[PDB]
Amino acid sequence: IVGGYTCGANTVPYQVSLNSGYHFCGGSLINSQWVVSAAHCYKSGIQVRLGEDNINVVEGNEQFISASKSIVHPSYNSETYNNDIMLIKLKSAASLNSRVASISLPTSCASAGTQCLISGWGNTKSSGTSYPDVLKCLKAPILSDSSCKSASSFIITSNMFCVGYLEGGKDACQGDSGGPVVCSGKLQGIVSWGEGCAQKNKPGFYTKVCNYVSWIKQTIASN
Ligand SMILES: N=C(N)c1cccc(-c2nocc2C(=O)Nc2ccc(-c3ccccc3S(N)(=O)=O)cc2)c1
Ligand SMILES: [Ca+2]
Ligand SMILES: [Cl-]
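Residue numbers (the working numbering): 246 to 468.
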């Protein structure tokens, strides 16, 4: 997260860290045994880390649970970035508490102009590299489709939306991928891609979760 702030320990209790010997992506807990993340974060042997604040210190409140299934959307396309969503099933159900909590799936798509909360342990620099110990947060608005398209040098699909600030300085970044965008208490986005981070007229792009609610429910029910 570039140009954000320290969330505060466990203030985003649905935020998870995907770990393969180090933190590499975020995710969102949607029930006690399933996490929503990005298809492009797929790796085998993922450990999901719940209840984290400082990802480098055992503070208490952590639950580390291996992924038993990592289900990439069948229509994920790594060139076009369409359908950048993956569902991770936890080997065992997490013990839900105040610091480890699910986030609601949407019943309708979020409204253009709404200010949403993006979070993660990704790079905090727009140029160069600095990774935080503790969870970072950024509030930013959903931009119009027309604005997103005008900003982007890449083809935007109906399964993407953009959120951020066109003046630059405020964005998700590397290592935030797969983590949440929450709008009015609903998980509306997954950190997906952007042209660099926090550059002028290059806002962040996010998987549009409201398009996948039926798919998510069906896939969970059958697995
Ligand atoms: N600024 C962000 N919000 C953000 C979030 C996560 C990662 C990165 C990021 N940090 O460094 C690079 C990045 C990156 O995502 N690059 C990138 C650019 C374009 C595409 C893309 C989008 C749509 C269609 C096609 C493409 S592609 N795959 O042909 O380039 C994909 C990835 C930035
Ligand atoms: Ca920790
Ligand atoms: Cl820090």
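Cβ coordinates follow ideal geometry from the N, Cα and C atoms, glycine included.
Suppose the cutoff is 8 Å on Cβ atoms and the five residues either side in sequence are ignored; what does the same chain contact list for residue i look like?
| i | result |
| --- | --- |
| residue 336 | 310, 311, 312 and 313 |
| residue 291 | 263, 264, 265, 311, 312, 315 and 333 |
| residue 453 | 354, 403, 404, 405, 406, 433 and 434 |
| residue 456 | 354, 403 and 404 |
| residue 346 | 258, 259 and 274 |
Would you kindly work out how many angstroms separate the C-alpha atoms of residue i and residue j, rounded to a whole number?
| i | j | result |
| --- | --- | --- |
| residue 529 | residue 299 | This structure does not reach residue 529, given that the chain is present from 246 up to 468, and the question cannot be answered. |
| residue 257 | residue 325 | 30 Å |
| residue 413 | residue 467 | 43 Å |
| residue 252 | residue 391 | 31 Å |
| residue 426 | residue 352 | 15 Å |
| residue 410 | residue 395 | 14 Å |
| residue 416 | residue 465 | 31 Å |
When DSSP labels each residue in this structure, what does residue i get in the three-state scheme?
| i | result |
| --- | --- |
| residue 446 | coil |
| residue 396 | helix |
| residue 473 | Beyond the ends of the chain as shown, which are 246 and 468, falls residue 473; an answer cannot be given. |
| residue 261 | strand |
| residue 268 | strand |
| residue 366 | coil |
| residue 313 | strand |
| residue 418 | coil |
| residue 457 | helix |
| residue 252 | coil |
Keeping to the same chain, check which residues put their C-beta closer than 7 Å to that of residue i; ignore five residues upstream and five downstream.
| i | result |
| --- | --- |
| residue 438 | 326 and 450 |
| residue 547 | Beyond the ends of the chain as shown, which are 246 and 468, falls residue 547; an answer cannot be given. |
Within the same chain, show all residues whose beta-carbon is closer than 6 Å to that of residue i, passing over the 5 residues directly before and after it, in chain order.
| i | result |
| --- | --- |
| residue 419 | 367 and 368 |
| residue 321 | 284 and 328 |
| residue 428 | 355, 359 and 361 |
| residue 371 | 247, 442 and 443 |
Are there 16 or more other CB atoms within 10 angstroms of the CB of residue i, so buried, or fewer, so exposed?
| i | result |
| --- | --- |
| residue 338 | exposed |
| residue 303 | exposed |
Just checking residue i against ligand 5 - is the residue's beta carbon closer than 6 Å to any of the ligand's heavy atoms?
| i | result |
| --- | --- |
| residue 399 | Annotation note on ligand 5: not contained in the displayed structure, which lists ligand 1, ligand 2 and ligand 3 as its ligands. |
Quiz item: Mind listing, in chain order, the residues whose beta carbon lies closer than 5 Å to a non-hydrogen atom of ligand 3?
Solution: Result (chain order): 377, 378 and 379.
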